[PDB]
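The data below hold one chain only, encoded as structure tokens and taken in the form deposited in one PDB entry.
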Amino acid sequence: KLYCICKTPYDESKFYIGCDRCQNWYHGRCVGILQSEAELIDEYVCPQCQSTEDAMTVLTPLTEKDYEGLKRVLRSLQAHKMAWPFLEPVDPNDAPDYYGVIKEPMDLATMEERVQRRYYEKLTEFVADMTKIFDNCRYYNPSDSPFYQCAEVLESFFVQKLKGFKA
């Protein structure tokens, strides 16, 4: 009865564009799209639906192609200059109290094993394990320590590398 982001009655004198996801119609004007502009995109996706698609990328099942992606992402992390602390499980000999302080240890080799055995079913689970690596480090190590700074840098890197991951 009311349409578009503007919540107005249907007016057949006006140009509408239809969202291919929700099938609701939107004034071309309210979405910044002229008629000549609409004949160049194949599938319009409206503001509300688009943010839903954005949000659900981390929750949809990991495809075979996504798994190729996780392997690449992991490889770029393992190669990063700041990833040296995170390549393997912490050695108790290097930090005798570590496994008493850190309840859920995580590291890149363990994550590689998990990718190998297709342990992850959604992107959010992979991200959760990566986030554990960084949160543990920031928890165990002082803020002025290069270990902590390495976590800060690598997390920032990872967040960038994850943009446009999923189809």
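We number the residues from 1 along the sequence you see. Between two forms, the rigid core is defined as the largest C-alpha subset superposing within 1.5 Å.
Another form exists, solved in complex with a partner chain; not displayed. Remarks below refer to it.
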| property | result |
| --- | --- |
| 4.5 angstroms heavy atom contact with its partner chain in the deposited bound form for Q35 | yes |
| Contact flag, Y16 vs its partner chain in the deposited bound form, heavy atom cut 4.5 Å | yes |
| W25: touches its partner chain in the deposited bound form, heavy atom cutoff 4.5 angstroms | yes |
| In the deposited bound form, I41 touching its partner chain (heavy atom, 4.5 Å) | yes |
| Option from 41-49, 123-131, 107-115, 55-63 whose residues, in the deposited bound form, bring a heavy atom within 4.5 Å of its partner chain | 41-49 |
| Position that moves between this form and the one not shown after core superposition, taken from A109, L59, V45, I41, with Cα shift of 2 Å or more | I41 |
| Shift of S13 between this form and the one not shown at or above 2 Å (CA, core fit) | yes |
| Is_shifted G69 between this form and the one not shown (CA, 2 Å cut-off, rigid core) | no |
| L123 C-alpha shift between this form and the one not shown of 2 Å or more, rigid core reference | no |
